[PDB]
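Heads up: the structure comes next, in structure tokens.
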Amino acid sequence: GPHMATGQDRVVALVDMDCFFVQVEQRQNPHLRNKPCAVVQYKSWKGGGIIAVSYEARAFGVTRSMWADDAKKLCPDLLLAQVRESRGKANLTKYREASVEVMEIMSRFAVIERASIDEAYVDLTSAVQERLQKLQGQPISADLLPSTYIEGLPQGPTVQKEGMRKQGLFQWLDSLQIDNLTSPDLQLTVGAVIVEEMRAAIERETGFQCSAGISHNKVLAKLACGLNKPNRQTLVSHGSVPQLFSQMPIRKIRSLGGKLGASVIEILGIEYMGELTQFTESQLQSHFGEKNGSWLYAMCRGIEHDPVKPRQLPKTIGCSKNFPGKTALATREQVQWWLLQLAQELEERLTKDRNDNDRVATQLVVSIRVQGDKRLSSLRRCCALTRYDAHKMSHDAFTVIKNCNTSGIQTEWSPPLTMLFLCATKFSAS
DNA sequence: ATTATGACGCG
DNA sequence: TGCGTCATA
Ligand SMILES: Nc1ncnc2c1ncn2[C@H]1C[C@H](O)[C@@H](COP(=O)(O)OP(=O)(O)OP(=O)(O)O)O1
Ligand SMILES: [Ca+2]
Ligand SMILES: [Mg+2]
């Protein structure tokens, strides 16, 4: 009743760039614009591995993780842009720098949480309050929401997509109570107006298009964002949740796409997020733990409290290289050469980071994978990062892992290494 | 698929 | 103030 929290206290958006690495390459090379194209990493094995795909190429069935040779079978005219290679490895600097362009624009509107290279959460609660005070009970025009979908609408008593979008928006706006500054639906609507403005600024100032979700928390905002891609935004209201969740596979919700989500499905014998409402909080805690159980109990009702963290910069700076099949490092000299390449890239990125962001990493984390281990990581060890010097970091990394070598011969390495990973962490102000 | 980030548990 | 695992981009 009057004491039941509905999780409508915040306005949260998630902005996610459309096919991000592709847009970065299309900005740089106009010949790629408005074409089926993909970004590929390396070239020797099966034409290279695809890591990003334009919407035109997706129509042919091209996907991330596909080898380029196989993608060409589906889309013979597919254009390809290669990730830069430096010091023997893929180097992602262009995309990291493009990400900074977008994050800096978003930060003008509100505090953001960098969630990945191409997406950020925004807590718009305060910005919405401010905008509502300027509006002064003035209605919100559909013209202020030219790319917004209202999930669940139209409904009740045109066969084209834009027509449906407008119909739903009209129904939503007609029902809005602009009189009440505390109305959560109104708050979301104003949030959506702000997000249109943010998205326009991103496109004007960078050339890049994006999609966004607007809702009352991060999980719903992330879900919302994916409902209408690309180049569109979606408002998921609290009232839209029962219908939305009634046919929503559990795996679609952030954090439930893996083993936990599979366990929810198997243990409870359900398929859709909505079906979770039929269990008590204690029942859910009994299967999935105190924390997960409480989270699921609220989440299936559209309620989540995880804050948008005030963090625009990554907390770690890392680089890594796999050594597949035949290339597994079987000599000490090889292990040392690659550790040096990684350390040189790391030194370059750290030195730039220190100058830009007034901070210094204090810990170096070294991780390896050994041949035969199905685990993505076989071993992790750390040491002090006291100087931004590639030679010192590579030597320190070796020292930390050299004991992993079973080889009797001092020159050889066994068992061969299938991966090396160096990561700088534990930043302190400088 | 390879090269990344970030959270959480304490087999 | 370590390390392994999970989940995601
Ligand atoms: N598994 C991966 N390995 C390497 N790079 C990845 C991987 N997943 C994503 N990326 C990179 C390339 C992407 O352009 C960028 C952002 O990823 P993501 O948001 O998942 O898709 P996207 O931006 O390419 O398309 P979409 O329009 O569907 O968001 O990060
Ligand atoms: Ca994206
Ligand atoms: Mg993304």
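First the proteins, then the strands, lettered A, B, ... as listed; each starts at 1.
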So A:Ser294 and A:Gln285, side chain to side chain donor-acceptor pair (under 3.5 Å) or not? Walk me through it. CA-CA 6 Å; A:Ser294 289; A:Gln285 289 175 321; 2.9 Å; yes
What nucleic acid atoms does [X] come within less than 4.0 Å of, heavy atoms only: base, sugar-phosphate, or nothing?
{"X": "A:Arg96", "value": "sugar-phosphate"}
{"X": "A:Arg375", "value": "sugar-phosphate"}
{"X": "A:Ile117", "value": "nothing"}
{"X": "A:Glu113", "value": "nothing"}
{"X": "A:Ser65", "value": "base"}

To the side chain of [X], which of [options] is closest?
{"X": "A:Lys315", "options": "C:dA9, B:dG6, B:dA4", "result": "B:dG6"}
{"X": "A:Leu260", "options": "C:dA7, B:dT2, B:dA4", "result": "C:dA7"}
{"X": "A:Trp67", "options": "C:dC3, B:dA1, B:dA4", "result": "B:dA1"}
{"X": "A:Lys259", "options": "C:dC3, C:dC6, B:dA1", "result": "C:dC6"}
{"X": "A:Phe421", "options": "C:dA9, B:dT3, B:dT5", "result": "B:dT5"}
{"X": "A:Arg254", "options": "C:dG2, C:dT8, B:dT2", "result": "C:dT8"}
{"X": "A:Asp118", "options": "C:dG2, B:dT3, C:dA9", "result": "C:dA9"}
{"X": "A:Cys382", "options": "C:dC3, B:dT5, C:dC6", "result": "C:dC3"}
{"X": "A:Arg349", "options": "B:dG6, B:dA4, C:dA9", "result": "B:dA4"}

Please report the closest heavy-atom contact between A:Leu124 and A:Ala13, naming both atoms and the distance. CD1-CB, 3.9 Å
For [N], take OP1 and OP2 only and decide whether either is under 4.0 Å from a side-chain N or O of [X].
{"X": "A:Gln41", "N": "B:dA4", "answer": "no"}
{"X": "A:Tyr42", "N": "B:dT3", "answer": "yes"}
{"X": "A:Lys89", "N": "B:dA4", "answer": "yes"}
{"X": "A:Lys222", "N": "C:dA9", "answer": "yes"}
{"X": "A:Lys309", "N": "B:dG6", "answer": "no"}
{"X": "A:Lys46", "N": "B:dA1", "answer": "no"}
{"X": "A:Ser320", "N": "B:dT2", "answer": "no"}

For residues A:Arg58 and A:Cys19, determine if any side-chain heavy atom of one lies less than 4.5 Å from a side-chain heavy atom of the other. yes
Could you check if a side-chain atom of A:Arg96 sits within less than 4.5 angstrom of a side-chain atom of A:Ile117, using non-hydrogen atoms only? yes
Rounded off to whole Å, could you give me the [atom1]-to-[atom2] distance for the [X] and [N] pair?
{"X": "A:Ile368", "N": "C:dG4", "atom1": "CD1", "atom2": "P", "answer": "10 Å"}
{"X": "A:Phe21", "N": "C:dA9", "atom1": "CZ", "atom2": "P", "answer": "13 Å"}
{"X": "A:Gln82", "N": "B:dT3", "atom1": "CD", "atom2": "P", "answer": "14 Å"}
{"X": "A:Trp45", "N": "B:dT3", "atom1": "CH2", "atom2": "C1'", "answer": "19 Å"}
{"X": "A:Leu385", "N": "C:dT1", "atom1": "CG", "atom2": "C1'", "answer": "17 Å"}
{"X": "A:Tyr95", "N": "B:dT5", "atom1": "OH", "atom2": "P", "answer": "14 Å"}

Is A:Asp353 salt-bridged to A:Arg349, going by a charged N under 4.0 Å from an acidic O? no
Would you confirm whether the ring centroid of A:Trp413 sits within less than 6.0 angstrom of the ring centroid of A:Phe398? yes
